[PDB]
Amino acid sequence: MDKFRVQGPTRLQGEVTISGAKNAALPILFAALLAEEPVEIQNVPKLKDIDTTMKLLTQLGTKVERXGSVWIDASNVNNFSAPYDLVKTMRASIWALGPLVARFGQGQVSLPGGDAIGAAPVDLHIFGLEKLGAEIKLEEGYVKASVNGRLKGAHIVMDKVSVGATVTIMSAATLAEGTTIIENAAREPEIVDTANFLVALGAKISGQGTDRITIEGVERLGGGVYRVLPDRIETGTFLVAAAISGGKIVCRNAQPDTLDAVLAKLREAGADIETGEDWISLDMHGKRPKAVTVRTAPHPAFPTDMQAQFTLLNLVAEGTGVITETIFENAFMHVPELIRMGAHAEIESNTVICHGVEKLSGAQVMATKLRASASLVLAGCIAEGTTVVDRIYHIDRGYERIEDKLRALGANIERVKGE
């Protein structure tokens, strides 16, 4: 079980190449089940969930192989069931359902369960599939779907914005007879990416990125090559790394338009930002950041996934700032950790009041979730002395060897194995 040992302080500066977004690669990989011809998915990160997905696809009869790309040949899918053993660690497995029933008229996915009635994300997926005409059975620890003939286009109104269900409905609708309109659709850049992938295969989709997506069903989907978009949260994390350390960083393989709110917030904190077609640069000029006000909200507003990083920024900024969380409740476990490192903060309901200090001090801190976790590593980089971040498996789930990227930026960081 790994930990990170970090020696600070170190200015984070230089260049970093942003990885493809896991959250776009996953739905695209599942959508490839719809493809009749070979597909090459480029820019796919090397993360556990990708491996799990490859294994799942293979179980269905898909030919799969990987490097930076993942090659999928779903021409011969011949099994329509995703078993317990293969789905247990990954809820995104539900994404196999829609493509299977849309293309083959049948599909089933194991449901580990555990969610309280009324707190089951699968519900929205089932809702959408039923709207499309599928018959759904909950039995034998599975969610089973079937339809005689083609799914049928429908006007669907989502009662809650769900990235997961939006992908299931959009994907399955590409092979339905008629037009499907998804009202209250999720707007995430990852949704736009998946839609663009589908269109590259021959689908007819419009409205992606807005609250209303319209899909005109087609007979079949083909194949080809598609490049997954950059990870916007990873980009944000590296931008913040330079912002809190007086550095200058250039993020390569980036997509500026997915980060409007984040860039604008960084500007407020005093950063000098430049953008290009596929890059973003941030320069602090050796200066300490200025405190800012942050309010999380649905895309394209400030992302909840950048909250911890901005909290850290405020904690070492000049002035007093407030971070308000409107999406996820209780997303503040990183705060007591930071306070152990010398930060000054008060948690008040759904907000964190930040009193910026000049320098942090190293400490033994614990990761307990992805973002707050990467934030702890960043704090270690700029803190005085030695910091040990425990439970880094959290970070590993969402960042491709973050220590390597940080090292290239000047960090003194070591992955400690305990051997």
# chains A, B, ... in the order shown; residues from 1 in each chain; ligands from 1
$ residues_around --residues "stretch 357-362 of chain A" --least-positions-apart "3" --cutoff "6 Å" --atoms "only C-alpha atoms" --output "list in words"
residues 316, 341, 342, 383, 384, 385, 386 and 387 of chain A
$ select_by_dssp --residues "stretch 335-408 of chain A" --states "alpha helix (DSSP H)" --output "ChimeraX atom specification"
/A:335-340,370-382,393-398,402-408
$ closest_atom_pairs --of "stretch 31-80 of chain A" --to "stretch 109-127 of chain A" --cutoff "12 Å" --atoms "only C-alpha atoms" --output "JSON lines"
{"residue": "A:56", "atom": "CA", "partner": "A:109", "partner_atom": "CA", "distance": 10.4}
{"residue": "A:60", "atom": "CA", "partner": "A:109", "partner_atom": "CA", "distance": 11.2}
{"residue": "A:79", "atom": "CA", "partner": "A:109", "partner_atom": "CA", "distance": 11.5}
{"residue": "A:80", "atom": "CA", "partner": "A:109", "partner_atom": "CA", "distance": 8.5}
$ residues_around --residues "residue A:23" --least-positions-apart "2" --cutoff "12 Å" --atoms "only C-alpha atoms" --output "number ranges by chain"
A: 19-21, 25-30, 44-45, 47, 49-50, 92, 163-164, 167, 188-194, 228-234, 397-399
$ residues_around --residues "residue A:151" --least-positions-apart "3" --cutoff "8 Å" --atoms "only C-alpha atoms" --output "ChimeraX atom specification"
/A:102,132-134,147,172-173,175-177
$ closest_residue --among "A:212, A:5, A:48, A:204" --to "residue A:157" --atoms "only C-alpha atoms"
A:212
$ closest_residue --among "A:394, A:405, A:66, A:227" --to "residue A:376" --atoms "only C-alpha atoms"
A:394
$ select_by_dssp --residues "stretch 73-149 of chain A" --states "strand (DSSP E)" --output "VMD selection string"
chain A and resid 73 81 to 82 106 to 110 135 to 139 142 to 146
$ residues_around --residues "residue A:392" --least-positions-apart "4" --cutoff "8 Å" --atoms "only C-alpha atoms" --output "list in words"
residues 2, 3, 4, 367, 373 and 396 of chain A
$ closest_residue --among "A:246, A:61, A:410, A:105" --to "residue A:77" --atoms "only C-alpha atoms"
A:61
$ residues_around --residues "residue A:338" --least-positions-apart "4" --cutoff "12 Å" --atoms "only C-alpha atoms" --output "ChimeraX atom specification"
/A:308-309,311-316,332-334,342-346,354-357,359-367,372-373,375-380,383,387,389
$ atom_distance --atom1 "atom CA of residue A:327" --atom2 "atom CA of residue A:128"
23.2 Å
